[PDB]
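Below is one structure, written out as structure tokens; the observations come after it.
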Amino acid sequence: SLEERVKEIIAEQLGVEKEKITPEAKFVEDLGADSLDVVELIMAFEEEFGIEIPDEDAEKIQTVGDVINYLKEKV
Ligand code: NA
Ligand SMILES: [Zn+2]
Ligand SMILES: [Zn+2]
Ligand SMILES: [Zn+2]
Ligand SMILES: [Zn+2]
Ligand SMILES: [Zn+2]
Ligand SMILES: [Zn+2]
Ligand SMILES: [Zn+2]
């Protein structure tokens, strides 16, 4: 599912257990993502879902929920 794929992307990049990858979890504050991690997460979401996340939209991707909601509507 879309959610499962999003979890694997995040788990692979941040090394966090999927059980902690919840909708309200902030990549930085809750999942420990640093600046490079965030850039790589965006790059991965684009590659895996075949879409583009313009800089503007990328800035709004702060939680797991943002990515899921964004992708569900866009793809
Ligand atoms: Na993986
Ligand atoms: Zn891989
Ligand atoms: Zn697990
Ligand atoms: Zn923040
Ligand atoms: Zn928090
Ligand atoms: Zn891009
Ligand atoms: Zn947009
Ligand atoms: Zn948000």
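Naming scheme: A, B, ... for chains in displayed order of the structure tokens; residues 1 onward per chain; ligands 1 onward as shown.
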(message) Considering only alpha helix (DSSP H) as DSSP defines it on the backbone, what residues of chain A qualify? List them as a PyMOL selection string.
(response) chain A and resi 2-14+35-49+55-59+64-74
(request) Select the residues contacting ligand 4 at a distance of at most 8 Å, based on only C-alpha atoms and all ligand atoms, then format the selection as a ChimeraX atom specification. (result) /A:26-29,62
Just N, CA and C atoms for this one: save the residues we selected as a compact mmCIF listing (two decimals), in the first residue's frame.
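Saved as selection.txt:
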# COMPACT_ATOMS: atom_id res chain seq x y z
N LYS A 26 6.87 14.02 13.45
CA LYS A 26 7.66 15.01 12.72
C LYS A 26 8.98 14.36 12.35
N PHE A 27 9.39 14.49 11.09
CA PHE A 27 10.64 13.88 10.66
C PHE A 27 11.82 14.29 11.52
N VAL A 28 11.93 15.59 11.78
CA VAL A 28 13.03 16.11 12.57
C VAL A 28 12.88 15.88 14.07
N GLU A 29 11.85 16.45 14.67
CA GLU A 29 11.64 16.34 16.11
C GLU A 29 11.35 14.95 16.66
N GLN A 62 6.50 18.22 6.73
CA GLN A 62 7.09 18.18 8.06
C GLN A 62 6.80 16.89 8.83
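The shortest atom-to-atom distance to ligand 7, with only C-alpha atoms and all ligand atoms taken into account, belongs to A:51 out of A:11, A:16, A:21, A:51.
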(request) Find the residues around residue 42 of chain A up to 12 Å (only C-alpha atoms counted), leave out those fewer than 2 positions away in its own chain, and share them as a count of residues only. (result) 36
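The residue that comes closest to residue 70 of chain A, out of A:14, A:25, A:3, A:43 and on the basis of only C-alpha atoms, is A:3.
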